[PDB]
6 protein chains.
Amino acid sequence: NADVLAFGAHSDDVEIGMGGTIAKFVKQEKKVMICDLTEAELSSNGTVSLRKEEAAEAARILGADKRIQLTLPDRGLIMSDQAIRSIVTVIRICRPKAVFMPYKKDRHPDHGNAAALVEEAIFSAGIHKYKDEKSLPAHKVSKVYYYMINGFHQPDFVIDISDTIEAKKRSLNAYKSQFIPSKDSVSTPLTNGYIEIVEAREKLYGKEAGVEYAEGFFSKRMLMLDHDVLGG
Amino acid sequence: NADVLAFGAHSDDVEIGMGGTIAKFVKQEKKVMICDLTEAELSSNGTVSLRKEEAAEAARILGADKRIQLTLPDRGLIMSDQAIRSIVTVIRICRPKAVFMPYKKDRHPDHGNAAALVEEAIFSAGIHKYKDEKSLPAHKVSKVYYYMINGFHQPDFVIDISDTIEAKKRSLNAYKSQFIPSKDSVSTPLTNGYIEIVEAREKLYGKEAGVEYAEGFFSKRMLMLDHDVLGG
Amino acid sequence: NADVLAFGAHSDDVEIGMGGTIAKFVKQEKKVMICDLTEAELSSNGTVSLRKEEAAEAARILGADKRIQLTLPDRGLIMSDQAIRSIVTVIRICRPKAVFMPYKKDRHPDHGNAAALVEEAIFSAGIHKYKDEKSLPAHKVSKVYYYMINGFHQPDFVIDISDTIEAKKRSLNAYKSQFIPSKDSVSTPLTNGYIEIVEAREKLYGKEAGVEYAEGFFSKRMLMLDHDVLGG
Amino acid sequence: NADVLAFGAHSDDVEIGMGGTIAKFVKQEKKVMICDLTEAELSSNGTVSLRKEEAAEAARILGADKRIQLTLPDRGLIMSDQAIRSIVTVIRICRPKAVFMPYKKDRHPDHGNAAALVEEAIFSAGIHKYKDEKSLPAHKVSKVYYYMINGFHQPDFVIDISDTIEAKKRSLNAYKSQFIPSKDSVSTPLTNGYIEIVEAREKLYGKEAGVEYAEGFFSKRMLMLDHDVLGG
Amino acid sequence: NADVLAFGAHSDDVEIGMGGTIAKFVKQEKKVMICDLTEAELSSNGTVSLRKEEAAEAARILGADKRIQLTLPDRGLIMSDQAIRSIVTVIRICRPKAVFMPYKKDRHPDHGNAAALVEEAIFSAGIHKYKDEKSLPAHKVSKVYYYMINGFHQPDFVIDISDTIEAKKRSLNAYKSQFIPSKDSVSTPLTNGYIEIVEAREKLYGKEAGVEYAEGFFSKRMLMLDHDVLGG
Amino acid sequence: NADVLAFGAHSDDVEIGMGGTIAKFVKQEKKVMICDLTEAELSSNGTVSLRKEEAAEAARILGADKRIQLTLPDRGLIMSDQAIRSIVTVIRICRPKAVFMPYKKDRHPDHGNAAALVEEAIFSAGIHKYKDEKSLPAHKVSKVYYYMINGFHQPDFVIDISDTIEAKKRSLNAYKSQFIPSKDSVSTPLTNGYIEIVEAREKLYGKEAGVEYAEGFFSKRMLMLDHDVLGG
Ligand code: NA
Ligand code: NA
Ligand code: NA
Ligand code: NA
Ligand code: NA
Ligand code: NA
Ligand SMILES: [Zn+2]
Ligand SMILES: [Zn+2]
Ligand SMILES: [Zn+2]
Ligand SMILES: [Zn+2]
Ligand SMILES: [Zn+2]
Ligand SMILES: [Zn+2]
């Protein structure tokens with residue numbers, strides 16, 4: 001029974017959006033699981049097998065309990081019954097309290113396409129008559145949040161990651177093939193100082209909240225607050 | 001040093017919007033102060049002196065520490081330097097961590113006009129060179145929230161008031177002149193089952209959050225969450 | 001030639017959203033038809049054959065002229081040419097002046113997925129070269145409205161159902177398997193005082209309009225008003 | 001007791017926004033009153049005394065029952081207690097069922113400033129303890145609508161003016177000083193084919209509604225529909 | 001290497017939305033290419049072979065360099081991997097600096113469905129490991145804009161077409177089967193003075209910008225301005 | 001006749017929002033004028049006379065033609081006829097093609113209050129019968145833009161300041177009293193690494209546009225584009 005299951009379309013998605021928060025939860029001794037929907041086979045730099053090892057190292061840096069690999073097609077995350085059913089299996093295995101996924105307002109259509117699949121799977125996961133591949137039992141996720149990969153939007157709320165900013169940067173630097181030019185690298189939006197741009201965003205969200213660094217999140221579900229109203 | 005200072009234009013505003021939350025905070029042994037900007041001299045039912053006693057009884061039912069009465073004019077809450085300065089004095093006296101005020105989307109223009117004054121006063125309160133009537137020192141409010149009086153909008157978040165719904169209803173029933181027809185009452189939107197309409201709204205916000213009753217709030221300032229992300 | 005064709009994903013959708021309005025139109029001697037897109041085979045409580053009989057009784061209580069059953073899959077309302085074509089047949093059979101369907105902002109993705117299919121079918125229905133299963137002639141729907149099932153949003157307009165609130169509640173209570181716990185019932189959002197929550201919403205929309213109860217609707221198409229501008 | 005009281009900042013405002021609708025209501029034997037808040041003393045073309053006669057002729061063309069002239073300052077429609085009180089007098093004299101005023105999204109700030117004053121006056125008009133200049137009794141307006149002068153926005157609804165488009169154009173052509181260049185005219189946005197631009201807008205709103213010409217309106221208050229839902 | 005590739009679902013889409021702009025760019029000696037995604041086989045008036053000749057003549061009037069015909073199904077522009085791949089081929093052939101496509105807020109669902117396909121294809125076109133039908137090389141489009149067919153919305157910006165309004169009207173009048181009733185014509189929204197409605201819209205957008213005629217556009221991508229900030 | 005007149009509430013406002021753009025325009029040999037509405041007498045750090053000298057040095061670093069000082073009260077920018085008239089004088093003196101002012105979505109209410117005054121003054125400036133203090137002639141501003149001081153919002157467009165980022169940072173560092181702690185400094189939001197936060201924002205807007213640094217702007221007026229559509 002995971003506290004947190006974080007979905008990305010591609011390994012590095014979850015780290016860019018919420019690596020600071022993952023590291024924060026692990027230090028609170030929460031069980032955090034990461035699921036990549038695809039093997040990122042169409043990424044311009046690296047290979048599928050190199051990418052899997054970079055992703056395994058990023059998960060170890062943050063202290064994620066397990067890294068789950070689905071094999072939905074890169075640039076093929078079209079709404080389908082079969083794609084939803086595979087994701088329902090992952091939710092019903094992990095039984096998470098909270099699911100995180102990418103925010104759909106993003107230059108990469110896979111990020112929005114992934115969110116649409118995960119939303120369908122969250123609902124289907126809670127229906128006992130809906131049968132998944134492994135015929136597992138219904139599970140109702142309590143909290144559903146959206147993190148930002150490429151976007152800089154005004155978030156619904158932020159989480160202070162002032163104490164895990166270095167761990168986030170280490171988890172991103174594990175993806176050498178994506179962010180660090182090599183002899184055989186091609187220029188992408190990721191090879192042009194991308195990690196410093198993510199730091200800049202987390203710095204601006206920090207400012208709105210009066211801390212050094214924060215990650216932004218959206219919720220479609222109603223937020224219910226208690227301790228965080230007065231924060232005392 | 002109050003935990004909470006809740007502003008209304010008229011006594012009964014704070015009770016309608018957040019009486020459940022006030023009662024909840026008092027039971028957590030928070031210091032809660034209420035300030036009415038006007039004496040509600042233009043209210044169709046009752047009188048200024050009757051209204052003050054109803055308001056004092058409503059505050060006792062919820063356990064509010066003190067009830068502060070300003071004398072800005074009913075239906076005269078026009079943006080003015082003098083009106084802002086009087087409100088700055090109240091903020092600098094109470095030194096609250098959190099300020100609540102009415103949400104501006106409301107059929108009663110005084111609710112929006114009150115919010116505009118309180119927003120100006122929150123900013124001016126934190127400027128040491130800004131001199132108030134009693135020449136008090138700068139105070140920076142940490143949290144600023146908006147409660148709903150007449151509106152039913154989708155809120156930024158809710159607070160569970162399942163355990164203080166009865167105390168809220170008692171604080172509202174203290175305003176007999178406003179909600180209960182008498183021999184000499186005139187028909188207003190308030191004399192036509194208004195308390196049951198407030199209960200209905202708190203019931204629907206409860207449903208979105210999976211509890212019996214909740215009050216809705218807005219924040220213009222960025223929300224920073226911690227314990228309430230996973231709620232464990 | 002129906003005055004009204006109301007689509008739901010599942011039987012009970014149309015009753016929750018607009019049962020009061022259906023009853024109102026029938027009493028005005030309008031011809032009202034209801035179409036359920038699925039047999040609701042994945043509903044946690046009841047069975048397909050029990051659900052069909054509950055739905056037939058709900059239609060009789062409101063006085064709907066006919067209840068049409070399609071067999072699109074529950075939790076399988078993916079955008080497809082074949083699903084649109086089956087719905088085009090229903091529109092071209094009933095030749096309705098006004099079509100109602102669910103509002104897409106709803107925790108149940110089937111409600112939004114149903115609306116997307118019905119919107120495509122409304123457009124295709126009016127193209128004579130578009131051939132449906134029964135090769136029927138083009139029909140142009142005049143009015144297209146959206147009703148709310150799970151949501152409480154600010155609607156584009158409301159309809160007074162003060163005189164049909166009891167008929168609505170009777171049509172909902174016909175779905176015993178959905179709303180009334182039994183020995184063999186599982187807990188769902190519907191088995192936990194759901195009908196009283198629908199009444200609460202219709203009560204709050206009533207208040208905005210100055211009546212006891214009203215149902216809320218959206219229109220994407222431009223509203224053209226005449227008698228209702230002054231209502232005299 | 002007027003059916004309709006239409007406020008403008010300047011004479012010609014009401015005609016540009018809703019001259020077609022005024023003519024339509026008069027033909028339905030509704031009592032329509034027009035109030036100009038200012039004498040338009042800062043208009044670049046014409047004079048105050050010429051403008052009053054053009055306005056009187058425009059009112060006769062549409063068949064408005066009476067034309068009421070206030071003397072609030074042109075480009076001086078700042079929120080003030082005194083300006084609101086003068087407008088409350090006009091509402092309490094006319095006792096209108098419906099009030100129309102300019103939509104605030106308009107290049108001319110007086111249009112938005114007028115709407116803000118009229119909104120305050122509508123609320124104060126319904127409070128019996130609020131005393132106006134002539135100490136008249138409380139009146140509650142039922143319907144409150146906003147018409148467009150300079151803007152082309154997506155309206156909440158439209159009214160078919162196909163049968164009163166010529167009467168509207170005649171009422172606008174009565175303002176010769178505003179729309180028709182003379183020897184002593186200066187170039188303004190109004191002297192450069194403005195009437196044909198208003199016709200173009202009413203033609204596009206017609207198209208959305210499937211008629212020749214329509215005027216667009218907004219409502220902040222909830223719309224309650226009945227006959228206009230099916231329009232039969 | 002085209003300066004401009006303009007996508008429509010149906011021939012006449014690009015002309016309605018941006019015929020004035022196409023004519024303007026051609027006169028600036030830009031290379032402009034037009035791609036129709038479908039043969040418009042379900043259009044109520046005309047035939048596929050007549051429509052192709054009307055489209056070829058419209059392209060000659062505007063001076064478009066080439067007109068590209070895909071054969072995706074009319075009313076069958078469902079999101080699919082195969083439909084995206086065919087559009088990727090067109091982008092990789094033309095290597096355009098700027099892509100235009102329909103704005104999704106439109107009574108015709110094909111316009112929105114076309115935009116969704118073209119957006120996916122723009123992203124996939126720039127991925128070298130994504131293989132199209134003709135295995136062409138990656139191309140990154142710089143500018144992506146949306147034009148309006150049936151809608152009248154507030155655009156992100158306009159382009160002055162005062163000097164190409166007549167060329168636009170000629171390109172539209174080449175579609176005789178669509179806009180001009182014949183002995184064998186059926187009534188559609190297009191056969192009822194549609195070209196004059198497009199002129200009216202371009203006239204109103206002109207007014208906002210202080211010119212005779214302008215076409216409106218949206219951009220999801222950030223606009224970067226330079227010369228057009230001061231326009232000197 | 002200025003190309004650009006940039007209004008701030010306080011000296012440093014224009015530099016924070018658009019110092020890069022000011023420096024860019026001056027290098028294009030545009031005439032740029034800056035007007036501060038107040039002397040910033042309530043600023044927590046420094047004095048009025050020190051602030052004026054810092055402001056004069058910031059203007060020299062950017063190469064602004066003249067720096068105009070009004071004496072409206074700090075935290076007293078209430079809508080008034082007298083405040084508007086003083087600003088009309090500045091517009092009619094400078095006869096600018098483009099006016100810049102603060103965006104109203106900002107934690108400092110003076111920024112929004114300044115924008116409201118400048119908007120009223122832009123309109124009144126173009127009315128010849130509106131008499132300013134120095135009875136100057138009507139001037140119609142062509143372009144009106146809004147820059148961001150404290151906010152990080154999604155802008156309508158950006159301007160590349162990659163080549164003037166160092167000049168902007170120098171103009172900000174001229175305000176030593178505001179940004180650099182001294183023996184007698186008090187902690188404010190400005191004394192806590194504020195210049196690096198402005199650089200971070202300009203870096204993120206750069207990324208959206210594919211350059212190193214950009215400043216974001218809003219326009220209420222319609223944007224008309226020409227060269228910047230294709231940027232060739
Ligand atoms: Na939410
Ligand atoms: Na917020
Ligand atoms: Na609509
Ligand atoms: Na409304
Ligand atoms: Na954009
Ligand atoms: Na604009
Ligand atoms: Zn990704
Ligand atoms: Zn009140
Ligand atoms: Zn349903
Ligand atoms: Zn006017
Ligand atoms: Zn088309
Ligand atoms: Zn400032």
Side-chain angles (χ1 to χ4, degrees), chain C residues 7 72-73 76-92 95 98-99 101 103-105 109 112-132 135-146 156 218-223, chain E residues 9-10 12-13 37-51 71-84 102-117 120 148-154 177-178 184-192 197 201:
Chain C
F7 284 101
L72 299 180
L77 293 183
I78 288 185
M79 186 54 63
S80 87
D81 297 320
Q82 295 68 34
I84 298 161
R85 203 171 308 272
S86 305
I87 299 166
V88 170
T89 301
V90 175
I91 295 162
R92 278 175 177 182
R95 292 165 127 169
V99 165
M101 76 189 94
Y103 190 58
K104 71 172 192 286
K105 288 196 179 62
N113 292 344
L117 290 170
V118 171
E119 286 169 349
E120 291 278 355
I122 289 163
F123 191 82
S124 288
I127 308 311
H128 85 265
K129 291 188 186 164
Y130 182 95
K131 288 323 197 313
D132 70 280
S135 61
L136 301 179
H139 172 75
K140 281 205 182 179
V141 175
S142 298
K143 305 301 180 56
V144 176
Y145 300 120
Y146 305 73
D156 288 348
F218 296 87
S219 187
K220 293 191 168 168
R221 291 183 183 188
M222 188 57 63
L223 295 181
Chain E
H10 323 110
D12 76 22
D13 287 359
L37 295 186
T38 84
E39 293 188 302
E41 62 272 12
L42 296 182
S43 285
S44 296
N45 290 316
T47 74
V48 164
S49 63
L50 180 54
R51 185 63 163 274
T71 60
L72 299 180
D74 196 356
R75 296 300 299 127
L77 293 183
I78 288 185
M79 186 54 63
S80 87
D81 297 320
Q82 295 68 34
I84 298 161
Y103 190 58
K104 71 172 192 286
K105 288 196 179 62
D106 188 304
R107 62 175 180 79
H108 198 322
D110 280 6
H111 296 151
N113 292 344
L117 290 170
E120 291 278 355
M148 288 175 280
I149 306 166
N150 294 305
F152 79 68
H153 310 283
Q154 223 84 20
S177 62
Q178 299 311 289
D184 58 340
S185 288
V186 300
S187 293
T188 79
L190 309 186
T191 58
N192 190 19
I197 285 294
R201 181 183 70 193

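Numbered from 1 within each chain, the chains take letters A, B, ... in sequence-line order. Reckoned from all heavy atoms, side chains included, excluding hydrogens, waters and symmetry mates.
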Check whether any side-chain heavy atom of C:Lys140 sits under 4.5 Å from a side-chain heavy atom of E:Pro189, and report yes or no.
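Of all side-chain heavy-atom pairs linking E:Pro189 with C:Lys140, at least one is under 4.5 Å.
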Given heavy-atom pairs under 4.5 angstrom as the criterion, report whether the side chain, backbone, both or neither of [X] touches chain C.
| X | value |
| --- | --- |
| E:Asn113 | side chain |
| E:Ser80 | neither |
| E:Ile78 | side chain |

E:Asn192, CG atom: more than 12 neighbouring heavy atoms under 6.0 Å
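No, because the 6.0 Å sphere around CG of E:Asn192 holds 12 heavy atoms or fewer from other groups.
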Does C:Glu120 offer a backbone N or O that forms a donor-acceptor pair with the side chain of E:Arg75 under 3.5 Å?
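Yes: the side chain of E:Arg75 pairs with the backbone of C:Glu120.
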Name the region of C:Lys220, side chain, backbone, both or neither, that has any atom closer than 4.5 Å to a heavy atom of chain E.
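It is neither, since no heavy atom gets under 4.5 Å.
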If you take all heavy atoms of E:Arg107 and C:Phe123, which pair is closest and at what distance?
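Scanning both residues, the minimum pair turns out to be O-CD1, 3.6 Å.
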Could you state the interatomic distance from NZ (C:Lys131) to CG (E:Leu42), rounded to the nearest 0.5 Å?
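With rounding to 0.5 Å, NZ (C:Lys131) is 9.0 Å from CG (E:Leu42).
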